[PDB]
Amino acid sequence: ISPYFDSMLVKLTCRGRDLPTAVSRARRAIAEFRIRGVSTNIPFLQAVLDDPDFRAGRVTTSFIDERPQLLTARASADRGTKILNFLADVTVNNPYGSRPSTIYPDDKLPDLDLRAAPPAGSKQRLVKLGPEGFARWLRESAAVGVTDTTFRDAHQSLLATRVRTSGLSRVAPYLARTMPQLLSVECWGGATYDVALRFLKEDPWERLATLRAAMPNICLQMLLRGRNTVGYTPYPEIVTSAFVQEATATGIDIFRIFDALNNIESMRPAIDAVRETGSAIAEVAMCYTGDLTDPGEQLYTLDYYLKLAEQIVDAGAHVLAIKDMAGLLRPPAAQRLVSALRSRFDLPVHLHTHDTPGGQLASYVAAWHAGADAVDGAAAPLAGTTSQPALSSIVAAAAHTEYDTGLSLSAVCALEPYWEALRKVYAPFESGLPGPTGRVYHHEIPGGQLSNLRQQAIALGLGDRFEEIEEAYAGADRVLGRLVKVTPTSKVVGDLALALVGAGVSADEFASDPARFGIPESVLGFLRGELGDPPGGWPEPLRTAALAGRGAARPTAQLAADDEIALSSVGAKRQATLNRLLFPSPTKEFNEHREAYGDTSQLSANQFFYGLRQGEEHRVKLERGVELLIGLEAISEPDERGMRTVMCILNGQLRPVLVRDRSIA
Amino acid sequence: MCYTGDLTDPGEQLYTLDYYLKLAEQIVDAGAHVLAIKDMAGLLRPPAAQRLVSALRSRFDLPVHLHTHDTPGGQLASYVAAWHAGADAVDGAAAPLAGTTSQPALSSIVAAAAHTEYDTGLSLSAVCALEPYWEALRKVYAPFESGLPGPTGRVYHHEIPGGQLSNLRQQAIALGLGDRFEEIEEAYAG
Amino acid sequence: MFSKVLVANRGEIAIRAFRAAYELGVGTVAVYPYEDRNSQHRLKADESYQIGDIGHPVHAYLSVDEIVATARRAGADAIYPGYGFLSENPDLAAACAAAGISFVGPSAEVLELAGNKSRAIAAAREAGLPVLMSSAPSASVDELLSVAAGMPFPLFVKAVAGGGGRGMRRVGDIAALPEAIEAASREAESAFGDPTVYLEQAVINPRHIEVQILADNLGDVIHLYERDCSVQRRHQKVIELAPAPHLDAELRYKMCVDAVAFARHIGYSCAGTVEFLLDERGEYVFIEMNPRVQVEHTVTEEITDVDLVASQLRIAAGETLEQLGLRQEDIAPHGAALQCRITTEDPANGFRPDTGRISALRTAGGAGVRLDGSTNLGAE
Ligand SMILES: CC(=O)SCCNC(=O)CCNC(=O)[C@H](O)C(C)(C)COP(=O)(O)OP(=O)(O)OC[C@H]1O[C@@H](n2cnc3c(N)ncnc32)[C@H](O)[C@@H]1OP(=O)(O)O
Ligand SMILES: Nc1ncnc2c1ncn2[C@@H]1O[C@H](COP(=O)(O)OP(=O)(O)O)[C@@H](O)[C@H]1O
Ligand SMILES: [Zn+2]
Ligand SMILES: [Zn+2]
């Protein structure tokens, strides 16, 4: 466009037998016309052509007196241009270097008729009998229910929780139609909420809805953490109740509730909120640490767990579970504990463990031989190391026995190549260990944290020797007196080992001069006592008097009345209000990104992370019957500025896009 | 005696308990000092192992040695089912060079019998103290690395010894079709 | 009116149907094969779906059951054939009647009358039109000669299934009639599978005249005057013409009158056309009757300024020619018009099509110019 003359683009003339026919034809003409690159006055003309007075013919010099003809807005809501902008930006400014040939996991999916309705499963039974009947049925059933943790707890410990929704949604129908006997599926909660809001620019509720629609016959399970639902700090009761209500409304069937330091009055409100629903199941978990079968174990003994379980049963628990996060449960400990729990009480038992030392399936085999009703399993390509035991092993260990699960083994084996291809795609985010480590018996650390610890010690100094971090974690654990850590109290000890190794404190002189250090604020917040009380007791008869004379504790502001108003109604407003109230900064970034670049959650991992290559054609689904075909043609070298022009193809039409190359500045 | 198939299956009409029992009877007639079972692909399950060990220990009067690989994952359970029925000795590989196509870890084996009547008597700290040397040695042998990504379920259909699978993966990388490895699996099956 | 309509066609006719439907406030659905995913008509519709297997793109459009199933899944109420493909296949009409979907066309019975030929001619002798000698369809040469022994020569031997100008020979005598008839039979058998060829008296220096007929459900027939398609190359239509010059008014009046009488007698309910050949002395021969819309209708649309596709769609919805205003005392042509088609055929090496990528496109326009169908830069 030349900024010297008038702004005339095209004259359109329409004719007809009568005025209404000419007006309809002009409307069609102006709708079909498409101009992209500059701002156009088409919407004003469309508003003028759609005026009933104008169609009736009451034209007058003062026809413009009506105000809302001008600011009709709603210019184009153009999604293709924003998708193309984002794709070009990713292609030009891709941080990852060169790459092998592109891998397409979708080609590895087995053939199956995705037209027939899937057979009834656990959701039908839960609807028919309810929570109490479901629990009784599970207690009285000789089979051992398998739970799948590939969707949440597999890529969390191996791929930094960076698997998007496309692959899960693509593979869910096959799981629902070849395996209609799985007790439940864990696909929500934990750290997926924060990572989805922050690193992947996605909305977790849309993911939950998509997974619900994908699988209608299998129950869904979510890992709640007591007062702190998905965050890292206590939250008010109303927020927790609203969150439980929204989650059960979207389709969360089972809630697994645990706490860092095992104590009641930190999980009672969540249990009451679950029980108020009347259609959900509550599974209360007790955290396992130490080795009770040892003669010298004077703190974590059988009686401690027995009274814990008695309190949990007094609190109104529907399922009782044992949580092993480091892999410290041995066959004999498991046998005795399961036997005692099954003989004292009348509740089903759920067992969960990690495979860090190797060969933890033996524990499962010792548990279901004594009363255990259900176990957990991760898929074989994403199993082992710091993940959960393989599903094929679990199915094959009970075949042709009275404990048969009933799951076809060929069906479970048929889905492995897709998981292999998906793991091959997520190469830059690989964080798995070389193999099994014996040392975990001395420096017990949850499997989900060890990978990030290895990366942190690679990238933040001492990387050739990793021992110092191990005995520093041991020393920090011994200083505070045998803490029970999973998520909350794991990071405080990690930061304390970090400071200890960075300050030259060998093992014990930190307890001599605490006031002469830069103790991380999470540690002071632990010492303040907002996470509860330690099981063994306060480790500070000489550590600190009250806080070592630091200061005071920060206040908390009361919720604003409008938030309480919006929390009472069910809808997208409540979901947005929860997103903003839980993680403000990343949800604000996500809102800005979604305004800028529309909706990009439908893209694949390859397009999202790498970009566009020449010779390949991509299909992106916008709506039912609305699909976009995107390709690349060529790229020009940058001019005297940092600006380049990329020629792409959209629906078989050439499109130039101007992009900024941040490499040359 | 080499183990193959799954005898606990109703339709196993060739590799049944009686076949192994007469094999062992012949071996004992031949003047054997120790009797052992060799599992090279990891096809021995806890119940098969329990019944076989019980029958062998009750029919004869020889010590039993058990050897297996950890290709499917979690084979230590088999060991735990064997020594609970009469098995006298087991095998173990060190933790930095264990798992995948290798033998079960030694630390797991020592910790699974501690403070039980089946205690091995091996210090666990002593076994753990030698791991960093094995880690450094494995890091030195980088160009000759051939381990698999992890545990595979498919071994139940295309049963292959663990020592051969690595060379098979390298051969199919370097001699043509490498993007798709299925064809070699069902071709070995055929 | 109809809530949704599915168009089982390809090209500019699909875009014309989409424009007509949008003018009437009706949703549109499109179907495409994999090999034709880059066509424009895919992105001009509200919803699009893929049909057929990974091969045989042409056979994908000739699949009645798949199209019916797709229309049922998409919640459509009507199917628009267009021209070509399954525009005259009675199976589509039967399948539409077997379900709740309406078919935009004359009727199921009328489609059966127009296929085998010469029973049109039986209907034209009954309706009382000027009709030419008709020969008995036979693939035998002795029988054809036994019928040909009493003919006014020369004779056109025409394929029975031949349509458009594919597979006819002019023989000036009967000595070369048997070899000619054998060649025609072999060509017809290789082309359409029917080895039967029929003779006809060969009228000298003809002119081709088209008459357009529009009719509603309860019965009312109107005509939109004549056209002219005399300019042909190898019997294929090339250039269209305005109302036919050097034609007296009595001639046009009686052409329109007997065309409308035939259309009313035949029980028609949609748009269509009748064909005539006019000779130096002047006579009507009634070659056939096309029960669909051609690519030349725009020409009449430029003289009678009456919409054809939208009127067709409203007629299929159960409207008569009274609320539409199409009554015969205000229909009068004014001006002349003509139409031409641009193809990739090379007039240098034969006339075979040439394939390639388009590297430059500049269109035109102004006063008295209309363009239908438009490609884009870089298309293949
Ligand atoms: C009579 C006629 O033919 S025109 C009447 C107007 N309707 C149509 O053109 C039918 C199809 N067109 C559309 O879908 C248009 O997007 C509209 C007019 C309905 C809405 O446009 P807007 O709101 O400005 O943009 P929208 O957010 O829908 O962008 C959709 C994009 O996908 C494309 N798209 C729309 N429908 C399809 C489809 N069925 N298949 C493939 N691509 C499609 C559009 O062309 C557009 O890309 P563009 O930037 O080249 O226009
Ligand atoms: N003797 C003839 N009588 C009629 N048409 C003839 C004769 N000889 C050749 N033709 C040609 O045959 C064609 C008759 O039309 P037809 O083959 O039915 O095609 P369409 O169905 O496309 O109108 C015209 O192209 C006409 O010129
Ligand atoms: Zn876990
Ligand atoms: Zn061996």
Side-chain angles (χ1 to χ4, degrees), chain A residues 27-36 42-43 75-84 149 152-154 156-157 186 190 223 256 258 285 323-326 352-354 376 378 386-388 446-448 486-487 598 620 622-629 650-651 653 655, chain C residues 14-23 27-30 32 37 40-49 114 117 132-133 154-159 162-170 199-204 206-208 210 229-230 232 234-237 273 275-277 285-290 294:
Chain A
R27 255 172 38 78
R28 196 266 304 164
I30 217 166
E32 181 179 13
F33 223 99
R34 210 72 75 204
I35 288 166
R36 305 267 187 225
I42 296 193
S76 139
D78 42 329
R79 307 187 260 169
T81 87
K82 278 142 96 140
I83 282 272
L84 274 182
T149 57
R152 210 272 306 172
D153 213 14
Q156 174 159 350
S157 300
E186 187 173 9
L223 181 67
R256 178 185 277 163
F258 75 92
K323 194 172 168 71
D324 186 18
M325 53 275 177
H352 168 81
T353 191
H354 281 245
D376 290 345
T386 47
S387 199
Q388 276 86 41
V486 201
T487 284
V620 182
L622 250 66
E623 293 172 3
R624 180 161 111 86
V626 178
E627 287 166 7
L628 263 53
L629 281 172
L650 189 82
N651 283 326
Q653 307 176 174
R655 293 254 204 141
Chain C
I15 302 173
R16 174 107 177 79
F18 293 152
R19 291 167 174 151
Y22 186 86
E23 263 164 80
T28 47
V29 176
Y32 62 96
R37 52 196 203 282
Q40 267 219 316
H41 80 281
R42 177 175 90 80
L43 51 100
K44 300 252 150 148
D46 298 15
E47 293 155 52
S48 324
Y49 297 105
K117 209 151 280 323
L132 238 205
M133 179 309 266
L155 278 190
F156 262 103
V157 193
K158 284 147 152 192
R166 279 140 42 204
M168 49 308 302
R169 311 188 166 224
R170 185 189 291 250
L199 324 175
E200 187 198 271
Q201 162 189 3
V203 53
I204 52 105
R207 295 179 51 188
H208 197 182
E210 317 327 340
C229 326
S230 288
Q232 321 196 354
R234 318 274 325 297
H235 290 8
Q236 316 309 21
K237 220 150 303 303
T273 170
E275 296 188 0
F276 296 87
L277 266 63
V285 181
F286 182 76
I287 271 56
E288 41 92 5
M289 196 264 180
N290 266 64
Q294 290 126 314

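Every chain is numbered from 1 and lettered A, B, ... according to where its sequence line falls, protein lines coming before strand lines. Just follow the structure's listing: the first ligand is 1, and inside any ligand the first atom is 1. Values below: every heavy atom of this structure, side chains too, minus hydrogens, waters and symmetry copies.
Using a 4.5 Å cut-off on side-chain heavy atoms (C-beta onward), C/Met289 and C/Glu275 make no contact. No side-chain heavy atom of A/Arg79 sits less than 4.5 Å from a side-chain heavy atom of A/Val620. Within the 4.5 Å cutoff, side-chain heavy atoms of A/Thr81 are placed close to those of A/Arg655. When side chains are defined from C-beta on, C/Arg166 does not count as touching C/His235, because their heavy atoms never get closer than 4.5 Å. Residues C/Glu200 and C/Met168 are not in side-chain contact: their nearest non-hydrogen atoms beyond the backbone lie 4.5 Å or more apart. With a 4.5 Å cut-off on side-chain heavy atoms, C/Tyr22 and C/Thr28 do not count as touching. You'll find the side chain of C/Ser48 stays beyond 4.5 Å of the side chain of A/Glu627, heavy atoms only. Put simply, the side chain of C/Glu210 does not reach to within 4.5 Å of the side chain of C/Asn290, judged on heavy atoms.
Those atoms of ligand 1 that come under 4.0 Å of a heavy atom in A/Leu628, given as number and element, are 32 (O). Using a 4.0 Å cut-off to heavy atoms of C/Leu277, the atoms of ligand 2 that qualify are 3 (N), 4 (C), 5 (N). Heavy-atom proximity to A/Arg28, at under 4.0 Å, picks out these atoms of ligand 1: 1 (C). Under a 4.0 Å criterion applied to the non-hydrogen atoms of C/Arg19, ligand 1 contributes the atoms 1 (C). Taking every non-hydrogen atom of C/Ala202 and a distance limit under 4.0 Å, the qualifying atoms of ligand 2 come out as 1 (N). Numbered from 1 in the order shown, with element, the atoms of ligand 2 that lie under 4.0 Å from a heavy atom of C/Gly165 read 17 (O). Short contacts between ligand 2 and C/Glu288, defined as distances under 4.0 Å to a heavy atom of the residue, involve ligand atoms 18 (O), 20 (P), 21 (O), 23 (O). Taking a cut-off of under 4.0 Å to the non-hydrogen atoms of A/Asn651, the atoms of ligand 1 that pass are 42 (N). Of all atoms in ligand 1, listed by their number and element, those nearer than 4.0 Å to a heavy atom of A/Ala77 are 26 (P), 27 (O).
Residue A/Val626 holds the heavy atom nearest to atom 43 (C) of ligand 1 of all those in A/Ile42, A/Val626, A/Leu84, A/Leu622. For atom 22 (O) of ligand 2, the nearest non-hydrogen atom from the set C/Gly167, C/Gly164, C/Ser230 belongs to C/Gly164. If you check each of C/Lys158, C/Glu210, C/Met168, C/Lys237 against atom 7 (C) of ligand 2, the one with the closest non-hydrogen atom is C/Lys158.
Across A/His352 and A/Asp376, no two heavy atoms sit closer than the pair ND1-OD2, 3.0 Å.
In this structure, the separation between CZ on A/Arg256 and CD on A/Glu186 is 5.5 Å, given to the nearest 0.5 Å. The CG atom of A/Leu622 lies 7.0 Å from the CD1 atom of A/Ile83; values are rounded to the nearest 0.5 Å. With rounding to the nearest 0.5 angstrom, the CD1 atom of C/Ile287 is 8.5 Å from the CZ atom of C/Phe276. Between C/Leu43 atom CG and C/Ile15 atom CD1 the span is 8.5 Å, to the nearest 0.5 Å. Remark: A/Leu628 CG to A/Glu623 CD distance equals 10.5 Å, nearest 0.5 Å. Interatomic distance, CG of C/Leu155 versus CD of C/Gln201, reported as 8.0 Å (0.5 Å rounding).
Residue C/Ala45 touches ligand 1 through its backbone alone, judged by heavy-atom distances below 4.0 Å. Here A/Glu627 has backbone heavy atoms under 4.0 Å from ligand 1, and that is the only part of it that gets that close. If you look at C/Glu200 next to ligand 2, the close heavy atoms, those under 4.0 Å, all belong to the side chain. No part of C/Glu23 comes within 4.0 Å of ligand 1, judged by heavy-atom distances. With a 4.0 Å heavy-atom cut-off, ligand 2 is reached by no atom of C/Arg170.
Atom 26 (C) of ligand 2 is never approached by the protein to below 4.0 angstrom, counting heavy atoms only. Closer than 4.0 Å to atom 1 (N) of ligand 2 lies at least one heavy atom of the protein. Protein heavy atoms are absent from the 4.0 Å sphere centred on atom 13 (C) of ligand 2.
Proximity of a side-chain donor or acceptor of C/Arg207 to a complementary backbone N or O of C/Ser230 within less than 3.5 Å is not detected.
Looking only at heavy atoms of the protein, atom 24 (C) of ligand 2 is closest to C/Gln232 OE1, 4.3 Å. With respect to atom 11 (C) of ligand 2, the closest heavy atom belonging to the protein is C/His235 CD2, 4.1 Å.
Residue contacts with ligand 1 include A/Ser76, since one or more of its heavy atoms lies under 4.0 Å from the ligand. Residue-ligand proximity: C/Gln201 is placed with a non-hydrogen atom under 4.0 Å from ligand 2. Using a 4.0 angstrom heavy-atom cutoff, A/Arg655 counts as in contact with ligand 1. A heavy-atom separation below 4.0 Å is not found between C/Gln236 and ligand 2.
The atom of A/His354 that is an N, O or S and sits closest to the Zn ion (ligand 3) is NE2. The atom of A/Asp153 that is an N, O or S and sits closest to the Zn ion (ligand 3) is OD2.
Residue contacts with ligand 1: A/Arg36 is placed with a nitrogen or oxygen under 3.5 Å of a nitrogen or oxygen of the ligand (distance criterion only).
Judged by the 6.0 Å and 45° rule, C/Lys44 forms no cation-pi pair with C/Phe18.
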